[PDB]
RNA sequence: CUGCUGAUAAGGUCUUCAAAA
RNA sequence: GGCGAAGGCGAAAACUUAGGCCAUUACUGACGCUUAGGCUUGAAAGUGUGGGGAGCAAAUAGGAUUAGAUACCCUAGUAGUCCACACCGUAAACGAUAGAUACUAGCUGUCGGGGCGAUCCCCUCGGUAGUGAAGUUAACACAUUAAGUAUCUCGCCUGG
RNA sequence: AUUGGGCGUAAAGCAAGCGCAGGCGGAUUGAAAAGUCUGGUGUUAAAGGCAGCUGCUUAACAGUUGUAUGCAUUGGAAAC
Ligand SMILES: [Mg+2]
Ligand SMILES: [Mg+2]
Ligand SMILES: [Mg+2]
Ligand SMILES: [Mg+2]
Ligand SMILES: [Mg+2]
Ligand SMILES: [Mg+2]
Ligand SMILES: [Mg+2]
Ligand SMILES: [Mg+2]
Ligand SMILES: [Mg+2]
Ligand SMILES: [Mg+2]
Ligand SMILES: [Mg+2]
Ligand SMILES: [Mg+2]
Ligand SMILES: [Mg+2]
Ligand SMILES: [Mg+2]
Ligand SMILES: [Mg+2]
Ligand SMILES: [Mg+2]
Ligand SMILES: [Mg+2]
Ligand SMILES: [Mg+2]
Ligand SMILES: [Mg+2]
Ligand SMILES: [Mg+2]
Ligand SMILES: [Mg+2]
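Chains as they are written, first to last, in the deposited numbering: chain D, 65 to 219; chain G, 2 to 142; chain E, 163 to 184; chain A, 16 to 261, 275 to 294.
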């Protein structure tokens, strides 16, 4: 049940020897709401083929996401170009405090309660890149225990 | 132990060590050396205790007039370090003083915060246990 | 403090170990 | 054991390239430098890496994996790969590595299916071919055989890649890495160690060293698929080899004068 | 192998949509 | 290619004089970095007084071209360009990148000191260049002489 | 833009230097304790804010209990 949702449908174009070639570009986010989510941007002369190619790319590039108590473990800032997205853990009940591309990414990934803020640009592809970078840079509290020879997150 | 190259250090003792550690981490370098000060010695002792470094070793000249500390980073088998980032708080000029009530928690407890309250440098958790705070040197996670 | 000289000079070690079937 | 350390020294598999051309990240496989101008290697590291790669390829060939040998380099390497293919029925690409031979495998599968169909049609033969059309079909057969004669056997993506020189096969190693396929190579002091999984510190310029190591890998494959071996587990009287034609051998990289400044100035 | 060679009134279409087969 | 902090410095010599690089078993023993205000210098054009004026040439006159030519071309031509003494204090005064300090792959030249002693070449310490990974950047690109990892101080910016 | 921005090409490094005051500043020892941390005490009017409860048909509202911040003094800590 890999649900998908459309984030942006731009109308890009080039110029030829007389006239303009117009193609639709779609930014699709595919997620199973259990820990797998990817993104795919595709261009085609028509919306259906563009959506098909974007879904194919999103399913080709899937990333693994780990959740702690339905939320993100520690506060992080994802950077990608001029877009910086701040994610912050939330207690169970606040729900998704995200809006737009971040909200799409978080819901399709499976997180329940996240605090988010877009501190930079508002271009959906770069916001998605920053969000994915922030979630991917995350550290589990068992990898750090293995690294520092602590006792499975014990004090 | 014998050396060949001259050894210099910055005037700021916390950020000198932080710059050395961060550059070594980014460049995959393992062993680095610097001038030894007692703040740096204590801070390296607590880093070794918390398990972010393999070993730190102080040395003195034959005339007992100069001391230098050399330490190695703790890399795993696939050669990726245990340190992920360093950020200094109490920079020269703007010194950061926080009471116990506002003692920070770095990365939801994953990292450590170096606090030099009254008994030398002290980790965030043990500072919370002792219910007393003070100068906050650097964030290491 | 902490000196043990572990020696971990095996960089670029192979990741795959043994081919196997499902 | 596998080989003899003096035999490696005599085949000059412990000499890299000039110190001028070297990637600093390959300092592990080179002992502290000295008055040698060709980057000598460490023989123990050579043997250990060779044994590890041998074990892995033997395991794959025993478990019926599909390995692909790729050399698109000097004519000696081309003939070496052809001979190794004759010895063991592994797939090979001696001509230029086609873009997306692995990551775009569907289209090349279509092409090799067309090649097979044309081959069987020509073998079945017909009087309709006459002279002109028969010649055109034969020329098409020749082209698709020159460019797909070693790939026609396989029907699925291979499970392992063997590269004679990762620097020259940067495309092949990139495809293997993006598809997450094991790739072994004979690194020669100028290669990026990250791209290759089973690094074999070795020479790449000596037609004796490359032959010895390629035949050793082929020996692993041939032992796994069960024929008598060629070079591995063999004495000197059977390991000995000759130096191709056309004092000592010169593994010196020259012709720096053909590296001018890029065309500039106004 | 260097002569000469100046200007072109205003506002404007044209992408409807992927929900999907 | 060399020197200076910048502007700038190229026929020969003398006198006076400024800074810099390398090695120091020597001495003082933190005396250092930055610097609001202040002071010093600061291409060319321009000003005032007195000299000088070969060549060139703003302004000016004429001949051409042109629909017109107060411009491009040509022939003449004053101030100016030159020196001394006083001002002016601006430049795409640019590496469009403030100074200081520590750390971070490599490869190719070149200039100076020092180590060896034909040149050439090798090593060390510095100056000036090209190529180039990590890293940074919106991209171009920068990349141990950083636009990288950080600190200190000053100046500056807040839509046209 | 202290938390929380920048100055090669988008607005922004003074033309450069000598630099007083200011800001910052190598290593070790001792003292004091001006900054820093912590304990006791006094006070920071009531109303207002937040938490609990009662009464108005429930609410709005009214009432009631708890609830900080800073300053001063005194007693300790000595890492910066
Ligand atoms: Mg036309
Ligand atoms: Mg005409
Ligand atoms: Mg007109
Ligand atoms: Mg003048
Ligand atoms: Mg006239
Ligand atoms: Mg004209
Ligand atoms: Mg004239
Ligand atoms: Mg005049
Ligand atoms: Mg100006
Ligand atoms: Mg200039
Ligand atoms: Mg460059
Ligand atoms: Mg305005
Ligand atoms: Mg801004
Ligand atoms: Mg500007
Ligand atoms: Mg400047
Ligand atoms: Mg300027
Ligand atoms: Mg000065
Ligand atoms: Mg002063
Ligand atoms: Mg100090
Ligand atoms: Mg009150
Ligand atoms: Mg009330």
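Every residue gets a Cβ at the ideal spot worked out from N, C-alpha and C, and that includes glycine.
DSSP state of residue i mapped onto helix, strand, coil
i: residue 43(A); result: coil
i: residue 89(D); result: strand
i: residue 71(A); result: helix
i: residue 32(A); result: coil
i: residue 81(G); result: coil
i: residue 184(E); result: coil
i: residue 281(A); result: coil
i: residue 138(G); result: strand
i: residue 164(E); result: coil
i: residue 53(G); result: coil
i: residue 84(A); result: strand
i: residue 58(G); result: strand
i: residue 188(D); result: helix
i: residue 31(G); result: coil
i: residue 18(A); result: coil
i: residue 96(G); result: coil
i: residue 57(A); result: coil
i: residue 96(A); result: helix
Backbone CA spacing between residue i and residue j [nearest angstrom]
i: residue 135(A); j: residue 145(A); result: 17 Å
i: residue 105(G); j: residue 142(D); result: 22 Å
i: residue 53(G); j: residue 154(D); result: 29 Å
i: residue 167(A); j: residue 160(D); result: 54 Å
i: residue 144(D); j: residue 190(D); result: 6 Å
i: residue 162(A); j: residue 162(D); result: 54 Å
i: residue 87(A); j: residue 116(D); result: 37 Å
i: residue 74(G); j: residue 186(A); result: 36 Å
i: residue 74(D); j: residue 227(A); result: 58 Å
i: residue 18(G); j: residue 104(A); result: 59 Å
i: residue 168(D); j: residue 214(D); result: 36 Å
i: residue 107(A); j: residue 20(A); result: 30 Å
i: residue 56(A); j: residue 165(D); result: 53 Å
i: residue 199(A); j: residue 230(A); result: 14 Å
i: residue 61(G); j: residue 170(E); result: 28 Å
i: residue 49(G); j: residue 28(G); result: 21 Å
i: residue 146(G); j: residue 217(A); result: The structure shown does not extend to residue 146(G), since chain G is modelled only from 2 through 142, so no value can be given for it.
i: residue 131(A); j: residue 294(A); result: 56 Å
i: residue 103(G); j: residue 117(A); result: 57 Å
i: residue 180(E); j: residue 40(G); result: 50 Å
i: residue 129(G); j: residue 3(G); result: 42 Å
Reference residue i; option with closest CA among the options
i: residue 184(E); options: 165(A), 78(A) and 288(A); result: 78(A)
i: residue 227(D); options: 207(D), 143(D), 194(D) and 186(D); result: As shown, chain D starts at 65 and ends at 219. That puts residue 227(D) outside it, with no answer to give.
i: residue 22(A); options: 290(A), 289(A) and 253(A); result: 253(A)
i: residue 88(D); options: 212(D), 111(D) and 219(D); result: 111(D)
i: residue 192(A); options: 229(A), 44(A) and 211(A); result: 211(A)
i: residue 56(G); options: 63(G), 47(G), 28(G) and 124(G); result: 47(G)
i: residue 96(D); options: 148(D), 218(D), 180(D) and 68(D); result: 68(D)
i: residue 158(D); options: 125(D), 104(D), 130(D) and 179(D); result: 179(D)
i: residue 106(D); options: 100(D), 122(D), 99(D) and 98(D); result: 122(D)
i: residue 72(G); options: 79(G), 27(G), 36(G) and 127(G); result: 36(G)
i: residue 34(A); options: 207(A), 219(A), 113(A) and 49(A); result: 49(A)
i: residue 60(A); options: 115(A), 237(A) and 201(A); result: 201(A)
i: residue 235(A); options: 287(A), 65(A) and 292(A); result: 65(A)
i: residue 29(A); options: 37(A), 45(A) and 17(A); result: 45(A)
i: residue 207(D); options: 13(G), 124(G), 45(G) and 81(G); result: 81(G)
(Q) Within 8 Å, do at least three Cβ pairs link the region 85-101 of chain G to the region 7-24 of chain G? (A) yes
(Q) Does the contact criterion of 3 or more C-beta pairs under 8 Å hold for the region 145-159 of chain A versus the region 173-187 of chain A? (A) no
Q) Touch check for the region 103-120 of chain G and the region 130-142 of chain D: three-plus C-beta pairs under 8 Å? A) yes
Q: Evaluate contact between the region 124-140 of chain G and the region 90-100 of chain G, counting only Cβ atoms and requiring at least three cross-stretch pairs below 8 Å.
A: yes
Q. When the Cβ atoms of the region 213-226 of chain A are set against those of the region 57-73 of chain A, are three or more pairs found closer than 8 Å?
A. yes
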